Number of protein chains: 2
Amino acid sequence: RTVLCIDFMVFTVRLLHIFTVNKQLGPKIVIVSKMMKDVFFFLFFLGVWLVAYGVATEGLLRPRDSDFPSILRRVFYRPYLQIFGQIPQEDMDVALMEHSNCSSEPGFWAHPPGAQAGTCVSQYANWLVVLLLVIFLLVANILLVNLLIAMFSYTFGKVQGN
Amino acid sequence: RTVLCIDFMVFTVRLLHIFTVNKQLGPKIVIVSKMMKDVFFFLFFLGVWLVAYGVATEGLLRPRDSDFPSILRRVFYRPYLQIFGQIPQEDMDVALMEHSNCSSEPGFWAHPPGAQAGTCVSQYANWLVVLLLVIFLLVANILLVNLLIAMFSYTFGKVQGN
């Protein structure tokens, strides 16, 4: 079943190959393949920034459910969804959490209500976590996206006639 | 009543036709009609991608409320709203659901809290569902939208003087 599901996609994306003959869609379908270098540059920059920000935030929060899939999720998947308006403030800001003694280690700890956000996080430098969120939003949602728009415009104008 | 409601819209969009005489709005109203080819290319690409992604995700999740309107909703309408920041993670990620035996078929199943998300979904390859969501967001929210922006800029610059 799983294989066939993916197989369906591979069939559907062949419709484009069918419509290259069309006099209106085809000249645009052939330009779409010229944007892959810009897409790859965007992916490289976004991956570097995601690694840096996610590892820094995971180190600052110190969740007590440090399973490997959970670490990968909170390092890559959760910051990735913030580019699309999914910002779980209650899972990163201790001012929005309930302060309680959830661990025997010294310090102050809070309980985030998220299911995969760790059962207990540290309150030490949470202002730095908030500042990192602000900088991440600025760099990713504003700078990288508009830069990719500019690169797409330049490439489209360059490769139209060819 | 229903007809008249739609009728109201058909009247209101005639205000533009009234203001073509104006020396400021008119030259832009006549350029707006030149972007329909770009809009149609965007719609074609988005429709192909929506069909592929929605059918793949519906096949992977295997909801137990497989009514035809529900299938159409979860295949077209729900992925469409994710382009505008409406991402129901709790209805697609089994890590955010409650694991329970909601079906007699062999395997593991989870209960999504959504009202039209199916009463029971499969846990088999949910990582593939999450990866498909990531790829869908990348392709639709980032690539198609910025490509349409580039095409609009090119067309506007080309048809301004004419």
# chains A, B, ... in the order shown; residues from 1 in each chain; ligands from 1
>>> closest_atom_pairs(of="chain A", to="chain B", cutoff="9 Å", atoms="only C-alpha atoms", output="tab-separated table")
residue	atom	partner	partner_atom	distance
A:1	CA	B:60	CA	7.7
A:2	CA	B:60	CA	6.4
A:4	CA	B:56	CA	8.6
A:5	CA	B:56	CA	4.9
A:6	CA	B:56	CA	6.3
A:7	CA	B:56	CA	8.6
A:8	CA	B:52	CA	6.7
A:9	CA	B:52	CA	4.7
A:10	CA	B:52	CA	8.1
A:11	CA	B:52	CA	8.4
A:12	CA	B:52	CA	5.8
A:13	CA	B:48	CA	6.9
A:15	CA	B:48	CA	7.6
A:16	CA	B:45	CA	8.1
A:24	CA	B:37	CA	8.2
A:25	CA	B:41	CA	6.4
A:28	CA	B:41	CA	7.8
A:32	CA	B:147	CA	8.2
A:35	CA	B:147	CA	8.7
A:39	CA	B:143	CA	7.7
A:77	CA	B:134	CA	8.3
A:80	CA	B:134	CA	8.3
A:81	CA	B:134	CA	8.3
A:84	CA	B:85	CA	5.9
A:85	CA	B:85	CA	5.8
A:86	CA	B:85	CA	7.4
A:114	CA	B:96	CA	8.8
A:115	CA	B:96	CA	6.2
A:116	CA	B:96	CA	7.4
A:145	CA	B:142	CA	7.6
A:146	CA	B:146	CA	8.7
A:148	CA	B:146	CA	7.5
A:149	CA	B:146	CA	5.3
A:150	CA	B:150	CA	8.0
A:152	CA	B:150	CA	6.1
A:153	CA	B:150	CA	4.4
A:154	CA	B:150	CA	8.1
A:155	CA	B:150	CA	8.9
A:156	CA	B:150	CA	6.8
A:157	CA	B:154	CA	6.8
>>> calpha_fit_and_write(fixed="chain A", moving="chain B", output="tab-separated table (two decimals) with N, CA and C atoms, in the first residue's frame")
chain	number	residue	atom	x	y	z
B	1	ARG	N	0.83	-1.20	0.00
B	1	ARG	CA	0.00	0.00	0.00
B	1	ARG	C	0.87	1.24	0.00
B	2	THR	N	1.82	1.31	0.94
B	2	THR	CA	2.67	2.49	1.03
B	2	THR	C	3.32	2.77	-0.32
B	3	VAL	N	3.93	1.75	-0.93
B	3	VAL	CA	4.61	1.97	-2.20
B	3	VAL	C	3.63	2.53	-3.22
B	4	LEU	N	2.46	1.90	-3.33
B	4	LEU	CA	1.51	2.34	-4.34
B	4	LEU	C	1.08	3.77	-4.11
B	5	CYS	N	0.95	4.18	-2.84
B	5	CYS	CA	0.60	5.57	-2.57
B	5	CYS	C	1.61	6.51	-3.22
B	6	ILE	N	2.89	6.29	-2.95
B	6	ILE	CA	3.91	7.12	-3.57
B	6	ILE	C	3.86	6.97	-5.08
B	7	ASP	N	3.61	5.74	-5.55
B	7	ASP	CA	3.50	5.50	-6.98
B	7	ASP	C	2.46	6.40	-7.62
B	8	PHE	N	1.32	6.61	-6.94
B	8	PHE	CA	0.29	7.47	-7.51
B	8	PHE	C	0.85	8.85	-7.82
B	9	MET	N	1.62	9.41	-6.89
B	9	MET	CA	2.21	10.72	-7.14
B	9	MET	C	3.06	10.71	-8.39
B	10	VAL	N	3.89	9.67	-8.54
B	10	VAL	CA	4.79	9.61	-9.69
B	10	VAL	C	4.00	9.56	-10.99
B	11	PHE	N	2.79	8.99	-10.95
B	11	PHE	CA	1.95	9.03	-12.13
B	11	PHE	C	1.39	10.42	-12.37
B	12	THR	N	0.89	11.07	-11.31
B	12	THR	CA	0.19	12.34	-11.48
B	12	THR	C	1.13	13.42	-12.01
B	13	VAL	N	2.37	13.45	-11.52
B	13	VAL	CA	3.33	14.45	-11.98
B	13	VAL	C	3.76	14.21	-13.42
B	14	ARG	N	3.32	13.12	-14.04
B	14	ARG	CA	3.56	12.93	-15.46
B	14	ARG	C	2.57	13.69	-16.33
B	15	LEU	N	1.46	14.17	-15.75
B	15	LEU	CA	0.53	15.00	-16.52
B	15	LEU	C	1.24	16.20	-17.11
B	16	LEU	N	2.16	16.81	-16.36
B	16	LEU	CA	2.94	17.92	-16.90
B	16	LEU	C	3.68	17.49	-18.16
B	17	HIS	N	4.32	16.32	-18.13
B	17	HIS	CA	5.02	15.82	-19.30
B	17	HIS	C	4.07	15.63	-20.47
B	18	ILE	N	2.80	15.32	-20.18
B	18	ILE	CA	1.81	15.18	-21.24
B	18	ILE	C	1.50	16.54	-21.86
B	19	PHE	N	1.47	17.59	-21.04
B	19	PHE	CA	1.00	18.90	-21.48
B	19	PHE	C	2.13	19.81	-21.95
B	20	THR	N	3.35	19.29	-22.10
B	20	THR	CA	4.40	20.09	-22.71
B	20	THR	C	4.08	20.42	-24.16
B	21	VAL	N	3.27	19.59	-24.82
B	21	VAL	CA	2.88	19.84	-26.20
B	21	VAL	C	1.98	21.07	-26.29
B	22	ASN	N	1.21	21.35	-25.25
B	22	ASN	CA	0.27	22.46	-25.28
B	22	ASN	C	1.00	23.78	-25.50
B	23	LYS	N	0.38	24.67	-26.28
B	23	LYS	CA	1.02	25.91	-26.69
B	23	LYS	C	1.07	26.96	-25.59
B	24	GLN	N	0.36	26.76	-24.48
B	24	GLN	CA	0.33	27.73	-23.39
B	24	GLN	C	1.03	27.25	-22.13
B	25	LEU	N	0.82	26.00	-21.72
B	25	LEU	CA	1.45	25.49	-20.51
B	25	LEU	C	2.92	25.15	-20.75
B	26	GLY	N	3.25	24.62	-21.92
B	26	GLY	CA	4.58	24.11	-22.21
B	26	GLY	C	5.72	25.10	-22.06
B	27	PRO	N	5.57	26.31	-22.61
B	27	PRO	CA	6.63	27.32	-22.44
B	27	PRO	C	6.88	27.70	-20.99
B	28	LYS	N	5.91	27.49	-20.10
B	28	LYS	CA	6.11	27.73	-18.67
B	28	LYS	C	6.66	26.50	-17.96
B	29	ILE	N	6.24	25.31	-18.39
B	29	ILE	CA	6.76	24.07	-17.83
B	29	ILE	C	8.25	23.94	-18.11
B	30	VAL	N	8.70	24.46	-19.25
B	30	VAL	CA	10.13	24.41	-19.54
B	30	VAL	C	10.92	25.46	-18.77
B	31	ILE	N	10.27	26.53	-18.31
B	31	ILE	CA	10.96	27.50	-17.46
B	31	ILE	C	11.01	27.02	-16.02
B	32	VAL	N	10.02	26.23	-15.59
B	32	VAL	CA	9.99	25.75	-14.21
B	32	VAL	C	11.26	24.97	-13.88
B	33	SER	N	11.81	24.23	-14.85
B	33	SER	CA	13.01	23.45	-14.61
B	33	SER	C	14.26	24.30	-14.46
B	34	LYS	N	14.20	25.59	-14.76
B	34	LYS	CA	15.35	26.47	-14.64
B	34	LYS	C	15.50	27.10	-13.26
B	35	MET	N	14.52	26.91	-12.38
B	35	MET	CA	14.54	27.50	-11.04
B	35	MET	C	15.14	26.57	-10.00
B	36	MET	N	15.60	25.38	-10.41
B	36	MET	CA	16.07	24.40	-9.44
B	36	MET	C	17.35	24.84	-8.75
B	37	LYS	N	18.20	25.61	-9.42
B	37	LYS	CA	19.41	26.12	-8.76
B	37	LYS	C	19.06	27.11	-7.66
B	38	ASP	N	18.09	27.99	-7.91
B	38	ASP	CA	17.63	28.90	-6.86
B	38	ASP	C	16.99	28.13	-5.72
B	39	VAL	N	16.21	27.09	-6.04
B	39	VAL	CA	15.60	26.26	-5.01
B	39	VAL	C	16.68	25.59	-4.16
B	40	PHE	N	17.74	25.11	-4.80
B	40	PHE	CA	18.81	24.44	-4.06
B	40	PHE	C	19.58	25.41	-3.18
B	41	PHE	N	19.83	26.63	-3.66
B	41	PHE	CA	20.48	27.63	-2.81
B	41	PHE	C	19.61	27.97	-1.61
B	42	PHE	N	18.30	28.14	-1.83
B	42	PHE	CA	17.38	28.38	-0.72
B	42	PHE	C	17.41	27.23	0.27
B	43	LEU	N	17.40	25.99	-0.22
B	43	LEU	CA	17.42	24.83	0.67
B	43	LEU	C	18.72	24.75	1.46
B	44	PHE	N	19.85	25.06	0.83
B	44	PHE	CA	21.13	25.03	1.54
B	44	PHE	C	21.17	26.07	2.66
B	45	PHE	N	20.80	27.31	2.34
B	45	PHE	CA	20.80	28.36	3.35
B	45	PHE	C	19.82	28.05	4.47
B	46	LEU	N	18.62	27.58	4.12
B	46	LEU	CA	17.62	27.24	5.12
B	46	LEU	C	18.07	26.08	5.99
B	47	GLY	N	18.75	25.09	5.40
B	47	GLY	CA	19.24	23.97	6.19
B	47	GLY	C	20.30	24.38	7.19
B	48	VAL	N	21.24	25.22	6.76
B	48	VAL	CA	22.27	25.71	7.69
B	48	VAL	C	21.62	26.49	8.83
B	49	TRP	N	20.70	27.40	8.48
B	49	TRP	CA	20.05	28.21	9.51
B	49	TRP	C	19.19	27.36	10.44
B	50	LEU	N	18.48	26.37	9.89
B	50	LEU	CA	17.67	25.48	10.71
B	50	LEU	C	18.52	24.68	11.67
B	51	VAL	N	19.65	24.14	11.20
B	51	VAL	CA	20.53	23.39	12.09
B	51	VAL	C	20.99	24.28	13.24
B	52	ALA	N	21.50	25.47	12.91
B	52	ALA	CA	22.01	26.36	13.95
B	52	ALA	C	20.92	26.71	14.97
B	53	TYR	N	19.79	27.22	14.49
B	53	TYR	CA	18.73	27.68	15.38
B	53	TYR	C	18.14	26.53	16.19
B	54	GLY	N	17.87	25.39	15.55
B	54	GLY	CA	17.26	24.28	16.26
B	54	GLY	C	18.16	23.70	17.32
B	55	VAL	N	19.45	23.53	17.02
B	55	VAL	CA	20.36	23.00	18.03
B	55	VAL	C	20.51	24.00	19.18
B	56	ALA	N	20.60	25.29	18.87
B	56	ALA	CA	20.71	26.28	19.94
B	56	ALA	C	19.48	26.28	20.85
B	57	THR	N	18.29	26.23	20.25
B	57	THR	CA	17.06	26.26	21.05
B	57	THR	C	16.90	24.97	21.86
B	58	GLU	N	17.25	23.83	21.27
B	58	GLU	CA	17.18	22.57	22.01
B	58	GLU	C	18.16	22.56	23.17
B	59	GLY	N	19.36	23.11	22.97
B	59	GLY	CA	20.30	23.20	24.07
B	59	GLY	C	19.85	24.15	25.16
B	60	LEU	N	19.19	25.25	24.78
B	60	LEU	CA	18.74	26.22	25.77
B	60	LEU	C	17.55	25.68	26.57
B	61	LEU	N	16.62	25.00	25.92
B	61	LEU	CA	15.42	24.54	26.61
B	61	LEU	C	15.67	23.33	27.49
B	62	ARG	N	16.57	22.43	27.08
B	62	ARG	CA	16.90	21.23	27.83
B	62	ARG	C	15.67	20.38	28.18
B	63	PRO	N	14.92	19.90	27.19
B	63	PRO	CA	13.77	19.04	27.50
B	63	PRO	C	14.22	17.73	28.12
B	64	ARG	N	13.38	17.20	29.01
B	64	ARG	CA	13.71	15.98	29.74
B	64	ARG	C	13.33	14.71	29.00
B	65	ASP	N	12.58	14.80	27.91
B	65	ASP	CA	12.29	13.65	27.05
B	65	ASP	C	13.23	13.71	25.86
B	66	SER	N	14.48	13.34	26.09
B	66	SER	CA	15.54	13.46	25.09
B	66	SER	C	15.69	12.19	24.26
B	67	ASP	N	14.58	11.71	23.70
B	67	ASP	CA	14.64	10.61	22.75
B	67	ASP	C	15.15	11.13	21.41
B	68	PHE	N	15.80	10.25	20.65
B	68	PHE	CA	16.37	10.67	19.37
B	68	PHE	C	15.32	11.15	18.38
B	69	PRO	N	14.21	10.44	18.14
B	69	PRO	CA	13.18	11.02	17.26
B	69	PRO	C	12.63	12.34	17.78
B	70	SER	N	12.47	12.48	19.09
B	70	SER	CA	11.99	13.74	19.66
B	70	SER	C	12.99	14.86	19.44
B	71	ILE	N	14.28	14.57	19.61
B	71	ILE	CA	15.31	15.58	19.37
B	71	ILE	C	15.30	16.01	17.91
B	72	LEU	N	15.22	15.05	16.99
B	72	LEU	CA	15.17	15.39	15.57
B	72	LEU	C	13.94	16.23	15.25
B	73	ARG	N	12.79	15.86	15.83
B	73	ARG	CA	11.57	16.63	15.60
B	73	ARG	C	11.73	18.07	16.07
B	74	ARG	N	12.12	18.26	17.34
B	74	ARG	CA	12.22	19.61	17.89
B	74	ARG	C	13.38	20.40	17.29
B	75	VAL	N	14.33	19.75	16.62
B	75	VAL	CA	15.43	20.48	16.01
B	75	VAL	C	15.11	20.88	14.58
B	76	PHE	N	14.48	20.01	13.80
B	76	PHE	CA	14.24	20.30	12.39
B	76	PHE	C	12.78	20.57	12.05
B	77	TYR	N	11.86	19.73	12.51
B	77	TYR	CA	10.48	19.81	12.03
B	77	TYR	C	9.75	21.00	12.65
B	78	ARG	N	9.92	21.22	13.96
B	78	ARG	CA	9.22	22.32	14.61
B	78	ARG	C	9.68	23.68	14.11
B	79	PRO	N	10.99	23.98	14.00
B	79	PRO	CA	11.38	25.26	13.39
B	79	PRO	C	10.96	25.39	11.94
B	80	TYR	N	10.88	24.29	11.20
B	80	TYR	CA	10.48	24.35	9.80
B	80	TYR	C	9.04	24.83	9.66
B	81	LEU	N	8.16	24.39	10.54
B	81	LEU	CA	6.76	24.79	10.47
B	81	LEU	C	6.55	26.25	10.86
B	82	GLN	N	7.52	26.87	11.52
B	82	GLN	CA	7.40	28.28	11.88
B	82	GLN	C	7.55	29.20	10.67
B	83	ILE	N	8.12	28.70	9.57
B	83	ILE	CA	8.16	29.46	8.33
B	83	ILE	C	6.77	29.60	7.73
B	84	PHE	N	5.84	28.75	8.14
B	84	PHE	CA	4.49	28.72	7.59
B	84	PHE	C	3.44	29.11	8.63
B	85	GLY	N	3.84	29.86	9.65
B	85	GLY	CA	2.92	30.41	10.61
B	85	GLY	C	2.52	29.51	11.75
B	86	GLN	N	3.23	28.41	11.97
B	86	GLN	CA	2.94	27.49	13.07
B	86	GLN	C	3.97	27.73	14.16
B	87	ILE	N	3.67	28.67	15.06
B	87	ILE	CA	4.60	29.05	16.12
B	87	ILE	C	4.02	28.65	17.47
B	88	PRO	N	4.47	27.55	18.06
B	88	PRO	CA	3.97	27.11	19.38
B	88	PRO	C	4.64	27.83	20.54
B	89	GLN	N	4.13	29.02	20.86
B	89	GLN	CA	4.74	29.84	21.90
B	89	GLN	C	4.67	29.17	23.26
B	90	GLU	N	3.57	28.46	23.53
B	90	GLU	CA	3.39	27.82	24.83
B	90	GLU	C	4.37	26.68	25.07
B	91	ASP	N	5.04	26.19	24.03
B	91	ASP	CA	6.02	25.12	24.17
B	91	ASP	C	7.45	25.61	24.25
B	92	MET	N	7.68	26.92	24.10
B	92	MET	CA	9.02	27.49	24.15
B	92	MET	C	9.17	28.62	25.15
B	93	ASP	N	8.09	29.29	25.53
B	93	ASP	CA	8.13	30.42	26.44
B	93	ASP	C	7.66	29.97	27.82
B	94	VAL	N	8.53	30.08	28.82
B	94	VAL	CA	8.18	29.63	30.16
B	94	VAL	C	7.19	30.58	30.84
B	95	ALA	N	7.07	31.81	30.36
B	95	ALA	CA	6.06	32.72	30.90
B	95	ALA	C	4.65	32.25	30.59
B	96	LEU	N	4.48	31.42	29.57
B	96	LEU	CA	3.19	30.86	29.20
B	96	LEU	C	2.98	29.45	29.74
B	97	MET	N	3.94	28.92	30.50
B	97	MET	CA	3.85	27.59	31.07
B	97	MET	C	3.51	27.66	32.55
B	98	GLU	N	3.33	26.49	33.15
B	98	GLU	CA	3.12	26.37	34.59
B	98	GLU	C	4.44	26.00	35.25
B	99	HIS	N	4.88	26.83	36.19
B	99	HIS	CA	6.13	26.59	36.89
B	99	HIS	C	5.92	25.52	37.95
B	100	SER	N	6.70	24.45	37.87
B	100	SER	CA	6.57	23.34	38.81
B	100	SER	C	7.89	22.60	38.88
B	101	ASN	N	8.05	21.81	39.94
B	101	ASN	CA	9.27	21.03	40.17
B	101	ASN	C	9.10	19.67	39.50
B	102	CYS	N	9.47	19.60	38.23
B	102	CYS	CA	9.34	18.38	37.44
B	102	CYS	C	10.63	17.59	37.35
B	103	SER	N	11.71	18.05	37.98
B	103	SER	CA	12.98	17.35	37.92
B	103	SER	C	13.74	17.56	39.22
B	104	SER	N	14.64	16.62	39.52
B	104	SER	CA	15.46	16.70	40.72
B	104	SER	C	16.71	17.53	40.52
B	105	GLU	N	17.06	17.88	39.29
B	105	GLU	CA	18.25	18.68	39.04
B	105	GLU	C	18.05	20.10	39.57
B	106	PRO	N	19.12	20.75	40.02
B	106	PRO	CA	18.99	22.11	40.53
B	106	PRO	C	18.57	23.08	39.44
B	107	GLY	N	17.82	24.10	39.84
B	107	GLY	CA	17.32	25.12	38.94
B	107	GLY	C	15.81	25.20	38.96
B	108	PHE	N	15.28	26.01	38.06
B	108	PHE	CA	13.85	26.21	37.91
B	108	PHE	C	13.38	25.59	36.60
B	109	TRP	N	12.20	24.96	36.64
B	109	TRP	CA	11.70	24.21	35.50
B	109	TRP	C	10.22	24.50	35.31
B	110	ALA	N	9.76	24.34	34.07
B	110	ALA	CA	8.37	24.58	33.71
B	110	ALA	C	7.87	23.43	32.84
B	111	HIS	N	6.55	23.27	32.81
B	111	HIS	CA	5.92	22.17	32.09
B	111	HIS	C	5.20	22.69	30.85
B	112	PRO	N	5.70	22.42	29.65
B	112	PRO	CA	4.98	22.82	28.44
B	112	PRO	C	3.84	21.87	28.15
B	113	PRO	N	2.70	22.38	27.68
B	113	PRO	CA	1.53	21.51	27.45
B	113	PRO	C	1.62	20.67	26.19
B	114	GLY	N	2.63	20.87	25.35
B	114	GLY	CA	2.71	20.12	24.11
B	114	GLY	C	2.96	18.64	24.34
B	115	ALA	N	2.48	17.83	23.40
B	115	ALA	CA	2.62	16.38	23.52
B	115	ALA	C	4.03	15.91	23.19
B	116	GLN	N	4.69	16.55	22.23
B	116	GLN	CA	6.04	16.18	21.82
B	116	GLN	C	7.04	17.30	22.11
B	117	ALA	N	6.72	18.15	23.08
B	117	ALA	CA	7.55	19.30	23.42
B	117	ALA	C	8.42	19.05	24.64
B	118	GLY	N	8.49	17.81	25.13
B	118	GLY	CA	9.21	17.52	26.35
B	118	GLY	C	8.33	17.73	27.56
B	119	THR	N	8.50	16.89	28.59
B	119	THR	CA	7.68	17.01	29.78
B	119	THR	C	8.15	18.13	30.71
B	120	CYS	N	9.36	18.64	30.51
B	120	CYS	CA	9.93	19.60	31.44
B	120	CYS	C	11.09	20.32	30.77
B	121	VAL	N	11.09	21.65	30.85
B	121	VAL	CA	12.12	22.47	30.24
B	121	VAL	C	12.65	23.45	31.28
B	122	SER	N	13.84	23.99	31.00
B	122	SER	CA	14.53	24.89	31.91
B	122	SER	C	14.08	26.33	31.71
B	123	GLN	N	14.09	27.09	32.80
B	123	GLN	CA	13.69	28.49	32.80
B	123	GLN	C	14.88	29.44	32.81
B	124	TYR	N	16.10	28.93	32.68
B	124	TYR	CA	17.29	29.74	32.93
B	124	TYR	C	17.40	30.95	32.02
B	125	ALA	N	17.56	30.72	30.72
B	125	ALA	CA	17.77	31.83	29.79
B	125	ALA	C	16.66	31.90	28.75
B	126	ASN	N	15.41	31.84	29.21
B	126	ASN	CA	14.28	31.79	28.28
B	126	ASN	C	14.15	33.06	27.45
B	127	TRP	N	14.62	34.20	27.97
B	127	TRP	CA	14.65	35.41	27.17
B	127	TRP	C	15.51	35.23	25.93
B	128	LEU	N	16.60	34.47	26.05
B	128	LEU	CA	17.42	34.16	24.89
B	128	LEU	C	16.68	33.27	23.90
B	129	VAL	N	15.85	32.35	24.39
B	129	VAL	CA	15.03	31.53	23.50
B	129	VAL	C	14.06	32.41	22.72
B	130	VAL	N	13.43	33.38	23.40
B	130	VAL	CA	12.50	34.28	22.72
B	130	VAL	C	13.23	35.14	21.69
B	131	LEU	N	14.42	35.64	22.04
B	131	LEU	CA	15.19	36.44	21.10
B	131	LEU	C	15.63	35.60	19.90
B	132	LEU	N	15.99	34.34	20.13
B	132	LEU	CA	16.33	33.45	19.02
B	132	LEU	C	15.13	33.22	18.12
B	133	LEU	N	13.94	33.08	18.70
B	133	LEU	CA	12.74	32.96	17.88
B	133	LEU	C	12.52	34.20	17.02
B	134	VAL	N	12.72	35.38	17.61
B	134	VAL	CA	12.56	36.63	16.86
B	134	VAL	C	13.54	36.69	15.70
B	135	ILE	N	14.81	36.36	15.96
B	135	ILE	CA	15.83	36.41	14.92
B	135	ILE	C	15.56	35.35	13.85
B	136	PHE	N	15.09	34.17	14.25
B	136	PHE	CA	14.77	33.13	13.29
B	136	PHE	C	13.65	33.58	12.36
B	137	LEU	N	12.60	34.17	12.92
B	137	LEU	CA	11.51	34.66	12.08
B	137	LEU	C	12.00	35.72	11.11
B	138	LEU	N	12.81	36.66	11.60
B	138	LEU	CA	13.35	37.70	10.72
B	138	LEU	C	14.17	37.09	9.58
B	139	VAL	N	15.08	36.17	9.91
B	139	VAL	CA	16.00	35.64	8.90
B	139	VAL	C	15.28	34.74	7.91
B	140	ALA	N	14.38	33.88	8.39
B	140	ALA	CA	13.78	32.88	7.52
B	140	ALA	C	12.56	33.43	6.79
B	141	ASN	N	11.58	33.97	7.52
B	141	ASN	CA	10.32	34.32	6.90
B	141	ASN	C	10.44	35.56	6.03
B	142	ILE	N	11.40	36.44	6.31
B	142	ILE	CA	11.50	37.73	5.66
B	142	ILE	C	12.67	37.79	4.69
B	143	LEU	N	13.86	37.41	5.14
B	143	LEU	CA	15.04	37.59	4.30
B	143	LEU	C	15.15	36.50	3.24
B	144	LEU	N	15.11	35.23	3.65
B	144	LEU	CA	15.30	34.13	2.71
B	144	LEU	C	14.19	34.07	1.67
B	145	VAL	N	12.94	34.26	2.10
B	145	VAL	CA	11.82	34.14	1.18
B	145	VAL	C	11.85	35.25	0.13
B	146	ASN	N	12.07	36.49	0.56
B	146	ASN	CA	12.13	37.60	-0.39
B	146	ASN	C	13.36	37.50	-1.29
B	147	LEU	N	14.47	37.00	-0.76
B	147	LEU	CA	15.65	36.76	-1.59
B	147	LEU	C	15.35	35.72	-2.67
B	148	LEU	N	14.64	34.66	-2.31
B	148	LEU	CA	14.26	33.66	-3.30
B	148	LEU	C	13.32	34.25	-4.34
B	149	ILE	N	12.42	35.13	-3.92
B	149	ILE	CA	11.54	35.81	-4.88
B	149	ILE	C	12.37	36.62	-5.88
B	150	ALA	N	13.35	37.37	-5.38
B	150	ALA	CA	14.20	38.17	-6.26
B	150	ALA	C	14.98	37.29	-7.23
B	151	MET	N	15.54	36.18	-6.73
B	151	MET	CA	16.28	35.27	-7.60
B	151	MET	C	15.38	34.65	-8.66
B	152	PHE	N	14.16	34.26	-8.27
B	152	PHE	CA	13.21	33.71	-9.24
B	152	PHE	C	12.87	34.73	-10.31
B	153	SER	N	12.64	35.98	-9.93
B	153	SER	CA	12.33	37.02	-10.91
B	153	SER	C	13.48	37.19	-11.90
B	154	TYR	N	14.71	37.28	-11.37
B	154	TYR	CA	15.87	37.44	-12.24
B	154	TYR	C	16.02	36.27	-13.20
B	155	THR	N	15.91	35.04	-12.69
B	155	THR	CA	16.07	33.86	-13.53
B	155	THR	C	14.98	33.77	-14.59
B	156	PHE	N	13.74	34.08	-14.21
B	156	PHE	CA	12.64	34.05	-15.17
B	156	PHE	C	12.88	35.03	-16.30
B	157	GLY	N	13.23	36.27	-15.96
B	157	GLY	CA	13.52	37.26	-16.98
B	157	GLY	C	14.70	36.88	-17.86
B	158	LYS	N	15.68	36.17	-17.29
B	158	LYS	CA	16.85	35.78	-18.07
B	158	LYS	C	16.55	34.64	-19.04
B	159	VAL	N	15.75	33.65	-18.61
B	159	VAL	CA	15.60	32.42	-19.38
B	159	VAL	C	14.31	32.38	-20.20
B	160	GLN	N	13.47	33.42	-20.12
B	160	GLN	CA	12.22	33.45	-20.89
B	160	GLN	C	12.43	33.12	-22.36
B	161	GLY	N	13.25	33.91	-23.05
B	161	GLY	CA	13.38	33.76	-24.50
B	161	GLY	C	14.03	32.46	-24.92
B	162	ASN	N	15.07	32.03	-24.19
B	162	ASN	CA	15.73	30.78	-24.52
B	162	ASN	C	14.79	29.60	-24.33
>>> select_by_dssp(residues="chain A", states="helix (DSSP H, G or I)", output="ChimeraX atom specification")
/A:2-12,14-21,26-61,68-84,89-91,94-96,126-159
>>> select_by_dssp(residues="region 71-143 of chain A", states="strand (DSSP E)", output="list in words")
residues 98, 99, 109, 110, 111, 121 and 122 of chain A
>>> write_last_selection(atoms="N, CA, C and O atoms", output="PDB file, in the first residue's frame")
ATOM      1  N   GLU A  98       3.333  26.490  33.152  1.00  0.00           N
ATOM      2  CA  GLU A  98       3.117  26.366  34.586  1.00  0.00           C
ATOM      3  C   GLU A  98       4.440  26.002  35.250  1.00  0.00           C
ATOM      4  O   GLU A  98       5.054  24.987  34.905  1.00  0.00           O
ATOM      5  N   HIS A  99       4.877  26.832  36.191  1.00  0.00           N
ATOM      6  CA  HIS A  99       6.131  26.591  36.892  1.00  0.00           C
ATOM      7  C   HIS A  99       5.917  25.518  37.950  1.00  0.00           C
ATOM      8  O   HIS A  99       5.051  25.659  38.820  1.00  0.00           O
ATOM      9  N   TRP A 109      12.203  24.963  36.636  1.00  0.00           N
ATOM     10  CA  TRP A 109      11.698  24.209  35.500  1.00  0.00           C
ATOM     11  C   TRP A 109      10.217  24.500  35.309  1.00  0.00           C
ATOM     12  O   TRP A 109       9.505  24.854  36.251  1.00  0.00           O
ATOM     13  N   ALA A 110       9.757  24.336  34.070  1.00  0.00           N
ATOM     14  CA  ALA A 110       8.370  24.577  33.708  1.00  0.00           C
ATOM     15  C   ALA A 110       7.867  23.432  32.838  1.00  0.00           C
ATOM     16  O   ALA A 110       8.647  22.715  32.208  1.00  0.00           O
ATOM     17  N   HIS A 111       6.548  23.269  32.812  1.00  0.00           N
ATOM     18  CA  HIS A 111       5.917  22.170  32.090  1.00  0.00           C
ATOM     19  C   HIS A 111       5.198  22.686  30.851  1.00  0.00           C
ATOM     20  O   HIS A 111       4.152  23.341  30.979  1.00  0.00           O
ATOM     21  N   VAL A 121      11.092  21.647  30.847  1.00  0.00           N
ATOM     22  CA  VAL A 121      12.125  22.473  30.238  1.00  0.00           C
ATOM     23  C   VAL A 121      12.654  23.452  31.277  1.00  0.00           C
ATOM     24  O   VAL A 121      12.018  23.719  32.298  1.00  0.00           O
ATOM     25  N   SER A 122      13.837  23.990  30.998  1.00  0.00           N
ATOM     26  CA  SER A 122      14.530  24.886  31.911  1.00  0.00           C
ATOM     27  C   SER A 122      14.084  26.329  31.710  1.00  0.00           C
ATOM     28  O   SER A 122      13.750  26.750  30.599  1.00  0.00           O
TER      29      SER A 122
END
